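Visitor: Have a look at this one.
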Amino acid sequence: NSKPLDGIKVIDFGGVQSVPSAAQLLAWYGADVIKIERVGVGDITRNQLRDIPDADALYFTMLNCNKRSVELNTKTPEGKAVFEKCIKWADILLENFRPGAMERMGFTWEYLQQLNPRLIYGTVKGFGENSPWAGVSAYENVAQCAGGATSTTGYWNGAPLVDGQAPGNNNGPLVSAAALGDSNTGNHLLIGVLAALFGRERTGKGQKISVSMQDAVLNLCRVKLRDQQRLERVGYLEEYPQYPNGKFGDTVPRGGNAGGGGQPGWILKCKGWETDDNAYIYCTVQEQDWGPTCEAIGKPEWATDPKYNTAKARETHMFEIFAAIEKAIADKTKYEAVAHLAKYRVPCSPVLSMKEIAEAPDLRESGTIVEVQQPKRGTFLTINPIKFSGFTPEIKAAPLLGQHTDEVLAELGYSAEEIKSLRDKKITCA
Amino acid sequence: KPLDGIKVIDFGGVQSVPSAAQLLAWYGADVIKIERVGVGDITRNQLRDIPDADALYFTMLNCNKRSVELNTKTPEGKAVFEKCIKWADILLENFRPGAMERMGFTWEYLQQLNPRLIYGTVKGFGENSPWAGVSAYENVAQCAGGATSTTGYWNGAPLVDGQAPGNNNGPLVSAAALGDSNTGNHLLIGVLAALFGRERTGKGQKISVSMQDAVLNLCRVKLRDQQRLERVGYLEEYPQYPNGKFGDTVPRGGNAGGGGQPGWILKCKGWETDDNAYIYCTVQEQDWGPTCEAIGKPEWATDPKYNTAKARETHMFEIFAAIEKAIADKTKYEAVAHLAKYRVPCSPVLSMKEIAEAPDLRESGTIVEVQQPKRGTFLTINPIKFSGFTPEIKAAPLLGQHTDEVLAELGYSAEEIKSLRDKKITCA
Ligand SMILES: CC(C)(COP(=O)(O)OP(=O)(O)OC[C@H]1O[C@@H](n2cnc3c(N)ncnc32)[C@H](O)[C@@H]1OP(=O)(O)O)[C@@H](O)C(=O)NCCC(=O)NCCS
Ligand SMILES: CC(C)(COP(=O)(O)OP(=O)(O)OC[C@H]1O[C@@H](n2cnc3c(N)ncnc32)[C@H](O)[C@@H]1OP(=O)(O)O)[C@@H](O)C(=O)NCCC(=O)NCCS
């Protein structure tokens, strides 16, 4: 029924993924969200990798549902004055433009507070204010490289040798498909903004939330910072693939598809792997019930072999064990492999392609993947991750550029003459 | 502090719930962590680096909490749990499916115990998922959510240095905790939203997040790509275009950059012995001239085979190779400085050692040194900064350190507390 953010007013003053994704979530939870975009072209996502020539790209519609679009050139004195009225209207202002942009536009945090002492200002940059990289261009992959994720993702070089490795020392840092830099930073920003919004109820005061992309990536790599400290003290990482047949250095190495503390595991080929990039499962060799594991893979002999039957003894032979499992499932599809290993309660799970995910009926039924009616496009799918017992979001079309400009100006108190004037002066259009 | 006076129960383990609860404590919440007797949160005993001290896994996830040791499978322990629930504004839980219910603590019951309770629950999958039975481990979530399928290298053309040979390029796990920490962030978002709405409605609610869904959410762009793929049959920005083939599902793209401009991770001097002697580099449309100078290929500036993004598509990997050649004799930092002079966008790949020791990160309070009993100091991460306050981060609790203290605040007499202890409801 009633939505938690009903009557909360938000300005989405950003682009791409971090800020818009957070603002989209706010709208879905009830917020009145207006997106102020540059004239003529709007948010960069509108025009990036279109699949339908005359329509807004999917990048944009999947990040900007339930918003109203305001076209506005804040780099003009008239535009700035309109923006200042918007700022007074809003509870929340979110921005992620390049370092110094807001400042050159006339909007220091000090000034923003002057305009609206209730304002909760959320700002995202690639790096913290004091970083030696503050001048680096902050793309998704730059944040992943800066925050420890690429360093610690992918394969190691050398022993133990495994099929997925590149030859020699060509196993380098690897980018993650997940938006550690973008959407993830948005999540962190939303945490800060909502904490601030709650605190504002008692104090009546706004404040500034700052999240850097590097820091948000690092937060998701908290366990890698854990491992770094273990490594420095202990000299090795016992659960890593390199122990005991490889070599550790002074920094956390890449670990392939390793399971981690107390739950050793790996991603294994299934029938069809040579032509199907997703004919794979994940399988754990658990530190209990080794007996059933042995039977599942046809190694009943291992249940008693002193070289296997203790959690801490199969610690050293895992890759032989993984190979035995793949041999046991080499004739099975991933779904057949899972069903076979489940017979014995060997914990495992399929690797699911985006096609299988997109088509999954259980994800439609739960409201996690939602089909949305979009003009000039038809329908498209979006993701709604967090479920509330009290209400369900009503997800609606993403706005055309400037579709609501005059409606919002009117809502702000501008007469019909000033509105035509602003559009005449090319403040609200190109 | 914005969560001052808010009462929170951490009734979870590992990362998702405890990380969310730790942030809450940092923002001012009064957080108690109810842990099973004797061993407590699994993170306490996992990969200890100091034998008789709690593991770093635990300390980095449980600062600023009080520990209550409690056997919630006993009728005495259940009674205690119920009093805590009535005390609490927020209850967070991530135990295996049906576990809360088996104790009798259904959502329907919790709503009646405390109509103001905000209840956050994490599970591997949605309740009606065909995978609902499956053990919800981090790598499982990454595999179910789309991440592993779309992370790693493709097989076949175009052939590049970091590929496995033949068709041995498979799904790959990300170092980032997509399934665990990321899920706790999503949980926290819903919890803070409901906490706010409670101000107007006066009632709590239940927030549910599945690990599969949280992973999927971070892979929003890959669901975008799936729909693009299904509509047009190819993806313009992927390494496979134009020289490879697209199938029916989004393929792995190695170190490719998203939308804006082509990019890749390039070797620098020392890559044969230093796993992290690398940078990330983007090939910009603008300033192609300086880019050509930067790599000792002035020859390319006027060449219509190269001087436009469109002509470059067919041989983007030739371009990257030339850049690598030009920085073959430079460290990643030297490579960065060289390439920046020509306005080519690039950045170093940083190792965990480099990050952990970074003075800017200590100075901003992003990496924080914490004093911890039986250990000395360790480092933790605090990612969101507030102009209104700065968290005062303190030691993670010893197991049951605050049991008797919390029970006394809950109104238990010293005699009740002593019997609970003697009967081993509050200890092993
Ligand atoms: C993504 C990014 C690199 C884009 O680079 P960019 O397109 O070259 O620069 P921006 O789009 O950020 O900003 C360009 C200018 O447009 C201006 N602008 C923004 N909105 C405007 C509007 N409605 N009207 C007129 N001008 C506007 C900005 O103020 C900025 O002015 P400036 O010349 O004084 O700097 C940059 O936004 C960034 O680093 N963001 C920080 C972290 C982040 O969230 N990145 C997002 C993707 S991972
Ligand atoms: C992490 C996980 C896989 C562990 O599985 P597990 O160790 O076999 O089981 P759990 O630790 O969750 O719970 C075991 C039991 O201890 C009980 N328990 C929890 N706290 C207790 C306490 N203080 N006293 C007594 N019993 C307690 C639980 O109720 C549960 O009871 P049950 O036998 O009726 O099911 C599982 O907790 C999980 O799937 N959680 C959901 C998603 C998640 O966040 N996973 C984290 C890893 S990425």
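By convention in this document, the chains of the structure tokens carry letters A, B, ... by their order, each chain's residues are numbered from 1, and ligands are numbered from 1 in the order they are shown.
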Neighbours of ligand 1 at 6 Å or closer, counting only C-alpha atoms and all ligand atoms: which residues, as a ChimeraX atom specification?
Guide: /A:16-18,36-38,72-75,96-98,101-102,104,124-126,137-140,181-182
Visitor: Counting only C-alpha atoms and all ligand atoms, what are the residues, protein, DNA or RNA alike, that approach ligand 2 to within 8 Å? I want them as a VMD selection string.
Guide: chain B and resid 11 to 17 34 to 37 40 42 69 to 74 77 94 to 103 122 to 124 135 to 139 141 179 to 180 183 210 to 211
Visitor: Quick one: residues within 6 Å of residue A:282, only C-alpha atoms, excluding same-chain residues fewer than 3 positions away - as a PyMOL selection string?
Guide: chain A and resi 266-267+348-349
Visitor: Using only C-alpha atoms, which of B:265, B:414, B:407, B:283 sits nearest chain A?
Guide: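 Closest residue, counting only C-alpha atoms: B:265.
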Visitor: Please determine, counting only C-alpha atoms, which residue among A:143, A:8, A:386, A:372 has the shortest atom-to-atom distance to chain B.
Guide: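 Closest to chain B of all the choices is A:386.
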Visitor: Return the single residue from A:105, A:427, A:231, A:90 that is closest to chain B, with distances computed using only C-alpha atoms.
Guide: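 When distances to chain B are compared using only C-alpha atoms, the smallest one comes from A:231.
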Visitor: I need the residue nearest residue A:430 from this list: A:71, A:301, A:189, A:29. Use only C-alpha atoms for the distance.
Guide: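 The closest residue to residue A:430 is A:71.
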Visitor: Could you give me, as an MDAnalysis selection string, each residue of stretch 125-335 of chain A that DSSP assigns to alpha helix (DSSP H) when run on this structure's backbone?
Guide: chainID A and resid 140:146 149:152 183:203 213:220 222:234 290:296 318:329 334:335
Visitor: Fewer than 2 positions away in the same chain doesn't count, so skip those; otherwise give me all residues within 10 Å of stretch 328-341 of chain B, counting only C-alpha atoms, as a compact mmCIF listing (two decimals) with N, CA and C atoms, in the first residue's frame.
Guide:
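Output file result-v4.txt is given in full below:
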```
# COMPACT_ATOMS: atom_id res chain seq x y z
N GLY A 135 42.47 13.01 -10.36
CA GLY A 135 42.44 13.49 -11.73
C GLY A 135 42.30 12.41 -12.80
N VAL A 136 42.18 11.15 -12.38
CA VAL A 136 41.97 10.06 -13.34
C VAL A 136 40.50 9.98 -13.79
N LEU B 266 46.40 -3.69 -19.89
CA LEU B 266 47.66 -3.86 -20.64
C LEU B 266 48.84 -4.17 -19.73
N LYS B 267 49.73 -5.04 -20.21
CA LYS B 267 50.97 -5.37 -19.51
C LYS B 267 51.88 -4.15 -19.41
N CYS B 268 52.57 -4.02 -18.28
CA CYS B 268 53.66 -3.07 -18.15
C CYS B 268 54.94 -3.82 -17.84
N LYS B 269 56.04 -3.10 -17.72
CA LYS B 269 57.30 -3.74 -17.41
C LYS B 269 57.18 -4.56 -16.12
N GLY B 270 57.70 -5.78 -16.15
CA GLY B 270 57.70 -6.64 -14.98
C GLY B 270 56.57 -7.66 -14.90
N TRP B 271 55.66 -7.67 -15.89
CA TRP B 271 54.48 -8.55 -15.82
C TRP B 271 54.84 -10.03 -15.68
N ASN B 276 50.81 -7.88 -10.83
CA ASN B 276 50.06 -6.63 -10.90
C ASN B 276 50.74 -5.49 -11.64
N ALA B 277 51.71 -5.82 -12.48
CA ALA B 277 52.37 -4.82 -13.32
C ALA B 277 51.51 -4.55 -14.54
N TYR B 278 50.34 -3.97 -14.30
CA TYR B 278 49.37 -3.71 -15.34
C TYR B 278 48.68 -2.35 -15.16
N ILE B 279 48.09 -1.85 -16.24
CA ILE B 279 47.25 -0.67 -16.17
C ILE B 279 45.96 -0.94 -16.91
N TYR B 280 44.96 -0.10 -16.68
CA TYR B 280 43.82 -0.08 -17.58
C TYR B 280 43.91 1.12 -18.53
N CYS B 281 43.61 0.89 -19.80
CA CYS B 281 43.74 1.92 -20.83
C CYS B 281 42.52 2.00 -21.75
N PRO B 290 47.44 12.76 -30.51
CA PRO B 290 48.28 12.56 -29.33
C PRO B 290 48.39 11.07 -28.97
N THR B 291 47.30 10.32 -29.17
CA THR B 291 47.32 8.89 -28.87
C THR B 291 48.35 8.20 -29.75
N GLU B 293 50.99 9.67 -31.16
CA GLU B 293 52.29 10.10 -30.66
C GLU B 293 52.66 9.27 -29.45
N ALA B 294 51.68 9.08 -28.57
CA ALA B 294 51.95 8.42 -27.30
C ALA B 294 52.56 7.05 -27.53
N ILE B 295 52.16 6.38 -28.60
CA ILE B 295 52.61 5.02 -28.85
C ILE B 295 53.66 4.87 -29.95
N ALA B 322 50.06 -2.27 -29.73
CA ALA B 322 50.98 -1.17 -29.97
C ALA B 322 51.17 -0.35 -28.70
N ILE B 323 50.09 -0.12 -27.96
CA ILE B 323 50.20 0.60 -26.69
C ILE B 323 51.07 -0.19 -25.73
N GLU B 324 50.84 -1.50 -25.63
CA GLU B 324 51.65 -2.35 -24.77
C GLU B 324 53.12 -2.24 -25.16
N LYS B 325 53.39 -2.34 -26.45
CA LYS B 325 54.75 -2.18 -26.94
C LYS B 325 55.39 -0.88 -26.44
N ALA B 326 54.65 0.23 -26.54
CA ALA B 326 55.18 1.52 -26.12
C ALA B 326 55.48 1.63 -24.62
N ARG B 343 46.98 12.83 -22.77
CA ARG B 343 45.55 12.78 -22.48
C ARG B 343 44.86 11.45 -22.80
N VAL B 344 45.62 10.36 -22.92
CA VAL B 344 44.98 9.05 -23.03
C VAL B 344 44.57 8.56 -21.64
N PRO B 345 43.29 8.18 -21.49
CA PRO B 345 42.73 7.78 -20.19
C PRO B 345 43.27 6.43 -19.76
N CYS B 346 43.85 6.36 -18.56
CA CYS B 346 44.46 5.14 -18.09
C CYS B 346 44.60 5.21 -16.59
N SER B 347 44.79 4.06 -15.96
CA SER B 347 44.90 3.99 -14.51
C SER B 347 45.59 2.69 -14.10
N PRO B 348 46.30 2.71 -12.97
CA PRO B 348 47.04 1.51 -12.57
C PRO B 348 46.14 0.43 -12.01
N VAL B 349 46.54 -0.82 -12.16
CA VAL B 349 45.90 -1.88 -11.40
C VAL B 349 46.59 -1.89 -10.05
N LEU B 350 45.83 -1.71 -8.98
CA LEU B 350 46.42 -1.67 -7.64
C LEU B 350 46.27 -3.00 -6.91
```
Visitor: Name all residues at most 12 Å from residue B:380 (count only C-alpha atoms; drop same-chain ones fewer than 6 positions away) and give them as a VMD selection string.
Guide: (chain A and resid 215 218 to 219 221 to 229) or (chain B and resid 19 22 to 23 56 to 63 355 to 356 361 to 362 365 to 372 393 to 396)
